[PDB]
Visitor: 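First the structure, then my questions, so here it is.
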Amino acid sequence: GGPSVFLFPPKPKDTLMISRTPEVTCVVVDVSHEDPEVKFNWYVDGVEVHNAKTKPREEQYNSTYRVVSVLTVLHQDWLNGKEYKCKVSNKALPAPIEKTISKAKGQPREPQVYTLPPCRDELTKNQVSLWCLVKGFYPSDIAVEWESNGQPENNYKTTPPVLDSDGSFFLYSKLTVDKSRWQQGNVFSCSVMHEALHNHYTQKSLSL
Amino acid sequence: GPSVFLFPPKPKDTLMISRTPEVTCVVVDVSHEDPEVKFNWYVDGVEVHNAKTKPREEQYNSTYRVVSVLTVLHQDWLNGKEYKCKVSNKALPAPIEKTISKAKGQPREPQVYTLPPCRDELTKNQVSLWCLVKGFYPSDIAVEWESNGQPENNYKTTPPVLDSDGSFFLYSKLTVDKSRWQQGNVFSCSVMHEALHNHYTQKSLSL
Ligand SMILES: *[C@@H]1O[C@H](CO[C@@H]2O[C@@H](C)[C@@H](O)[C@@H](O)[C@@H]2O)[C@@H](O[C@@H]2O[C@H](CO)[C@@H](O[C@@H]3O[C@H](CO[C@@H]4O[C@H](CO)[C@@H](O)[C@H](O)[C@@H]4O[C@@H]4O[C@H](CO)[C@@H](O[C@@H]5O[C@H](CO)[C@H](O)[C@H](O)[C@H]5O)[C@H](O)[C@H]4NC(C)=O)[C@@H](O)[C@H](O[C@@H]4O[C@H](CO)[C@@H](O)[C@H](O)[C@@H]4O[C@@H]4O[C@H](CO)[C@@H](O)[C@H](O)[C@H]4NC(C)=O)[C@@H]3O)[C@H](O)[C@H]2NC(C)=O)[C@H](O)[C@H]1NC(C)=O
Ligand SMILES: *[C@@H]1O[C@H](CO[C@@H]2O[C@@H](C)[C@@H](O)[C@@H](O)[C@@H]2O)[C@@H](O[C@@H]2O[C@H](CO)[C@@H](O[C@@H]3O[C@H](CO[C@H]4O[C@H](CO)[C@@H](O)[C@H](O)[C@@H]4O[C@@H]4O[C@H](CO)[C@@H](O[C@@H]5O[C@H](CO)[C@H](O)[C@H](O)[C@H]5O)[C@H](O)[C@H]4NC(C)=O)[C@@H](O)[C@H](O[C@@H]4O[C@H](CO)[C@@H](O)[C@H](O)[C@@H]4O[C@@H]4O[C@H](CO)[C@@H](O)[C@H](O)[C@H]4NC(C)=O)[C@@H]3O)[C@H](O)[C@H]2NC(C)=O)[C@H](O)[C@H]1NC(C)=O
């Protein structure tokens with residue numbers, strides 16, 4: 001079979017919040033017992049970097065090894081579209097495998113953020129749905145959360161971003177809670193994090 | 001050797017007796033040595049005699065693409081009959097078999113609401129009209145817009161999104177000229193789904 005390489009980006013929230021630590025993760029699977037050594041080289045815009053942290057290989061339940069290398073990235077490097085390449089060498093390969101990742105090309109556009117009460121018809125159910133519209137953003141990378149009185153909610157589903165005709169993206173998030181609370185008048189908050197926002201963050205609330 | 005992928009028919013094609021719903025068997029990476037590809041189709045075991053094979057197709061990456069298309073009875077697909085593509089090639093280790101069928105479970109009727117342009121867009125050249133469609137099952141659905149019978153096309157629709165009760169929702173966004181909205185033109189969001197009466201419903205709005 002021969003090894004395979006997957007290269008994963010940082011989470012958008014981690015590149016947008018200076019307090020978080022964004023990482024790019026290069027994962028090698030199907031490493032054989034006969035040729036277990038795996039070498040990583042990393043490059044940032046084709047210049048070799050030497051600060052990645054590579055973990056000991058780990059035997060999987062199918063008897064092949066998985067080996068992961070992690071490169072921490074500067075938030076502003078990632079946001080300035082630098083390109084991260086992982087090159088993986090292994091004696092079982094005819095040649096080194098390379099993977100490159102970077103954020104989405106294109107000019108950024110600031111999302112417009114709106115919230116919406118439950119469909120008035122829903123106003124007798126066990127539960128109600130709260131909506132958050134996010135539209136006109138570019139690039140597609142974004143995080144959307146819900147909180148109440150500074151507490152992370154979690155019963156929400158968010159559509160993927162949808163490419164709009166204008167080249168910008170939109171999506172909706174739908175938080176579902178107890179009928180009680182919305183009348184009770186608790187205040188719910190939709191949080192959006194995106195590179196084209198001021199402080200990369202904005203939040204819209206609503207209640208009864 | 002080559003890969004097999006087997007694709008369902010389109011939701012709309014199953015819901016309107018005037019349309020011709022098809023399952024579609026695609027083979028990639030067919031070389032020239034054994035360009036020889038055979039298909040057998042079966043519905044719920046019983047073999048049937050009507051699939052059609054396309055004129056085949058080359059990618060400049062050095063290989064072919066060979067498609068067999070079988071037309072289905074609408075009611076059969078909707079009742080969940082299984083559809084099997086059996087693919088034979090003098091270049092495969094063994095012949096490959098794929099089954100597909102409609103998502104299982106009790107159909108649930110969508111709820112459709114249209115919503116007017118936001119807030120601040122009225123200063124713009126253009127406005128967005130919205131259609132929310134929620135609570136449906138299975139996820140096979142078609143959503144379309146029109147104005148005075150005329151179909152629009154300047155609209156985009158999120159994919160179905162799985163909700164926590166195991167039903168689905170989506171939104172569709174139609175972009176129009178501020179001028180067309182303001183003259184009180186009527187816009188309609190149309191939804192086709194097996195759990196609706198006549199598989200069809202339409203919701204309207206205007207200034
Ligand atoms: C040489 O090149 C070949 C061709 O490349 C292209 O060719 C042209 C165009 C050229 O310009 C090139 O630039 C192009 O790259 C290579 O062929 C490609 O092979 C790969 C596999 O290696 C294919 O990938 C698969 O894609 C399907 C999705 O289906 C397609 O969508 C893509 C993207 O849109 C598209 O490319 C194809 O067109 C397919 O589109 C659909 O086709 C159907 C077929 O008819 C259309 O439906 C029909 O439409 C009609 C009218 O349109 C009627 O209505 C009819 O009724 C209807 O049926 C439909 O319009 C169209 N849809 C869309 C959206 O476009 C993947 O799903 C598929 O499975 C995957 O499997 C992976 C593992 O193998 C997995 O990791 C993935 O997640 C995925 O799914 C998983 O896998 C399991 C097993 O498969 C599943 O069981 C399971 O669900 C799931 N896993 C889990 C855990 O859930 C696969 O990835 C690729 O599409 C090929 N491209 C083309 C154009 O055919 C070739 O490889 C290469 N060779 C070499 C040697 O280098
Ligand atoms: C033997 O075992 C190993 C290991 O498996 C385990 O053990 C076995 C015994 C069994 O028990 C398993 O159940 C166990 O899991 C098997 O290894 C597996 O190998 C397959 C390939 O054969 C890989 O499949 C790929 O998967 C990726 C998706 O990645 C993730 O998501 C899954 C869950 O869905 C996870 O299980 C994975 O771990 C991985 O999870 C992500 O991991 C990253 C890295 O850590 C995390 O990111 C970091 O997170 C940090 C915090 O945690 C921080 O945020 C960091 O900054 C961040 O970097 C993620 O958070 C985490 N995500 C999740 C949800 O957990 C999938 O993308 C691959 O996708 C495809 O590529 C294939 C080619 O195979 C194409 O067919 C498809 O198109 C598809 O995508 C396209 O691919 C092309 C390139 O080919 C790409 O360029 C295009 O962009 C794509 N196209 C499009 C249109 O988009 C592929 O499916 C498994 O990932 C791997 N598992 C593990 C655990 O590594 C091995 O296969 C077995 N061997 C044998 C012989 O059987």
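Just so you know, ligand 1 is whichever comes first in the structure, and atom 1 is the first atom listed for that ligand. Just so we're on the same page: letters track the sequence lines, and every chain starts at 1.
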Visitor: What do we get for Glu23(A) next to ligand 2 when only non-hydrogen atoms under 4.0 Å count, side chain, backbone, both or neither?
Guide: both

Visitor: Hey, is ligand 1 close enough to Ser3(B) that some N/O pair sits below 3.5 Å?
Guide: no

Visitor: Using protein heavy atoms only, decide if any is under 4.0 Å from atom 48 (C) of ligand 1.
Guide: yes

Visitor: Any N or O of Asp29(B) that comes nearer than 3.5 Å to an N or O of ligand 1?
Guide: yes

Visitor: Would you mind checking which non-hydrogen protein atom is closest to atom 100 (N) of ligand 1, with the distance to 0.1 Å?
Guide: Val28(B) CG1, 4.7 Å

Visitor: Look at atom 12 (C) of ligand 1 and say which protein heavy atom is nearest, naming residue and atom and giving the distance to 0.1 Å.
Guide: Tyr60(B) OH, 4.8 Å

Visitor: With respect to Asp13(B), determine whether any N or O atom, backbone or side chain, lies less than 3.5 Å from an N or O atom of ligand 1.
Guide: no

Visitor: Does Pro9(A) approach ligand 2 within less than 4.0 angstrom via side chain, backbone, both or neither, non-hydrogen atoms only?
Guide: backbone

Visitor: Using a heavy-atom cut-off of under 4.0 Å, does the side chain or the backbone of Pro8(B) touch ligand 1, or both, or neither?
Guide: backbone

Visitor: Could you tell me if the side chain of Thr158(B) sits less than 4.5 Å from the side chain of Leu171(A), heavy atoms only?
Guide: no

Visitor: Given side-chain contact (heavy atoms from CB on, under 4.5 Å), test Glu153(A) with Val177(A) step by step and report yes or no.
Guide: CA-CA 9 Å; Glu153(A) 298 287 331; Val177(A) 295; 4.1 Å; yes

Visitor: Can you check atom 1 (C) of ligand 2: any protein non-hydrogen atom closer than 4.0 Å?
Guide: yes

Visitor: Which of the atoms of ligand 2 are close to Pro10(A), meaning less than 4.0 Å from one of its heavy atoms?
Guide: 56 (O)

Visitor: Is atom 34 (O) of ligand 2 touching the protein, meaning some protein heavy atom lies under 4.0 Å away?
Guide: no

Visitor: Looking at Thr24(B), which atoms of ligand 1 are within less than 4.0 Å of one of its heavy atoms?
Guide: 44 (C), 45 (O), 55 (C), 56 (O), 57 (C), 58 (O)

Visitor: Enumerate the atoms of ligand 1 whose separation from the nearest heavy atom of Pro9(B) is less than 4.0 angstrom.
Guide: 56 (O)

Visitor: Got the closest protein heavy atom to atom 2 (O) of ligand 1, with its distance?
Guide: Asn61(B) ND2, 2.4 Å

Visitor: Is a side-chain donor-acceptor pair under 3.5 Å present for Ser129(A) with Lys174(A)?
Guide: yes

